[PDB]
Every structure is written in C-alpha cells, then in structure tokens.
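J.: pasting an experimental structure with its sequence.
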Amino acid sequence: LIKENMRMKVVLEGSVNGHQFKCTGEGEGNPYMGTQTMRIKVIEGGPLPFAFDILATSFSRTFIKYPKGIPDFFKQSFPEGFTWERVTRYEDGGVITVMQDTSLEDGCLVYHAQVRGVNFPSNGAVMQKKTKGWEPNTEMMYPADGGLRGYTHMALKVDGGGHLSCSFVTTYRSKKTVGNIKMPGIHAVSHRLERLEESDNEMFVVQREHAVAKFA
C-alpha cells in the first residue's frame, strides 16, 4: 500500500499563546528513501505572531528509510495507519501538546493534527520570531506494549547564535484492527528538517525532511 512515490495531505490546527490558527499542506516523497517535501499554507490566523518552526515538526513517520533487519512499525500499520501524541517542552517555558492521526485514503496519506501551545514567553525567540530552524537530531525509538515511544532532545536555533533546547516523548500507536505488526527493537532515527522556502510572514512554507533508521 505504501508505494515508492507517495503523496500526503495535512490539516493542522490549534492555538499558540491563545492565537488560533489553521494550516493546510500537501506534498510527496519516497517512503523507502526517507525523503519528503511538503508545501504548507497558513489559511486561518495568519500572519502568525510566532515562529513557524514550532509547528514544523508536527507536519510524517511513513517516510523513514528502515534497513532490512529493523522492522518498520509505521509502514506495517497500513491500511489503517497510526496516531502519534506528543508534548514538547521548551527550555524557556513553552509547552506544546500535539495529537495526530495518520490515515490512507484512495492512495494518499492524510494527516490531521491538533496543536495547543502555551506559556511561550512574550519576549522569547518564539514569540518574537527570531528562530532559524532546527538542528539535525536523533530520535530514540523504544518498543512499548505494541506501540513505540520516541524520545528526542532537539535544539531550535535562535538569532545571535543561541539555541532553545526542547524535549519530548512521542507516543506512536497503531490503528490496525486486522493483521499483524512485527515489532522492532530499540533503534534510532536520524532527522534533518530543512526549510526550503518561505514567504515574508511565513504564510507559505516549503520544507523537507530526511529520516533514516539506524541501530542504537
């Protein structure tokens, strides 16, 4: 069901520091090479009064390059797909909670994400739009009662050479109601999320990710 070329579409909605918004995206990638690109529009609430970087990691686990010898939980979850649930905590006080659903409809991956961010300091880099993308990172993946827990410590780059550290656990759960899933062992996933394009007030963003599974 997961072909060498797959398309995806996404709706992402919620609020950060009380500011309500909605974004829509579409893209494509090669799930077996771990590559994808997505074009994203802010369709409600724009221009956002915060860095889009905080939303960027919420827009795609089907596109990880897994070796033969590490079972691929996400690809095996289809046709039904999977969900993920995350709480991201930032060094300077912001917390963002995300719930995501991943499905497959008529050959296309479809994503719905609900986001709620609070307590980002008003004078901090997020709310002042002084960030400059994510450092590449490695997500540890742990098997947990028929799902996976991912654990990431990520650094958001900020103007003037700083970074904001953030951490999170992600809970990945299968939606499969018929069929089997071969569970992997502990492993890691290397991520590079790159901003390719943006409009002036980040109302339009193109980003790409490269994700590769490796032994831990």
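T.: Now that the structure is in, tell me what you want to look at. Numbering: from 1, shown residues only.
J.: switch to C-alpha atoms for all contacts and neighbour counts from now on
T.: Fine.
J.: show me where the protein has helices.
T.: Applying DSSP state H to the chain gives helices spanning 53-56, 73-76.
J.: can I get the ones you listed in a markdown table with distance to residue 63 and mean neighbour count?
T.: Shown next, in a markdown table, are the helices of the chain (distance: least, C-alpha to C-alpha, whole Å; neighbours: other C-alpha atoms under 10 Å):
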| stretch | distance to residue 63 | mean neighbour count |
| --- | --- | --- |
| helix 53-56 | 15 | 18 |
| helix 73-76 | 9 | 22 |
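J.: tell me which of those lies nearest to residue 29.
T.: helix 73-76 (13.8 Å; C-alpha to C-alpha).
J.: restricting to C-alpha, output that closest one in CSV.
T.: Extracted C-alpha coordinates of helix 73-76, given in CSV (Å, rounded to 0.1, in the frame of the first residue of the first chain):
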residue,chain,number,x,y,z
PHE,A,73,6.2,-0.1,12.6
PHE,A,74,4.7,2.7,10.6
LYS,A,75,4.6,1.1,7.2
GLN,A,76,3.3,-2.1,8.6
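J.: hang on, the earlier thing: nearest to residue 163, out of the helices of the chain?
T.: Closest approach to residue 163 among these (C-alpha to C-alpha): helix 53-56, 12.6 Å.
J.: any idea how far the closest one is from the chain center?
T.: How far helix 53-56 lies from its chain's middle: 9 Å, per C-alpha atoms, centre = their mean, to the nearest Å.
J.: tell me the spacing between residue 37 and residue 207.
T.: Separation of residue 37 from residue 207 (C-alpha to C-alpha, to the nearest Å): 6 Å.
J.: of those two, which one has the most company?
T.: Shown here are residue 37 and residue 207; by other C-alpha atoms under 10 Å, residue 37 has more neighbours (21 against 18).
J.: neighbours around the spatially closest residue to the more buried one that is not a sequence neighbour, how many?
T.: Take residue 37 and drop its neighbours on the chain: the residue closest to it by C-alpha to C-alpha, 6 or more residues apart in numbering is residue 208, 4.2 Å away. Using other C-alpha under 10 Å, the number of residues around residue 208 comes to 19.
J.: which residues does residue 208 contact?
T.: By C-alpha atoms under 8 Å, 6 or more residues apart in numbering, the residues touching residue 208 are 35-38, 193-196.
J.: now swap in residue 64 and tell me
T.: Taking C-alpha under 8 Å, 6+ apart, we find residue 64 in contact with 31-35, 189, 210-213.
J.: and if we set it to 6 Å?
T.: 34, 211-212 (C-alpha atoms under 6 Å, 6 or more residues apart in numbering).
J.: same check on residue 15?
T.: 21, 116 are the contacts of residue 15 under C-alpha under 6 Å, 6+ apart.
J.: identify the bridge partners of it.
T.: Note on residue 15: beta-bridge partners residue 20, residue 116, judged by DSSP bridges.
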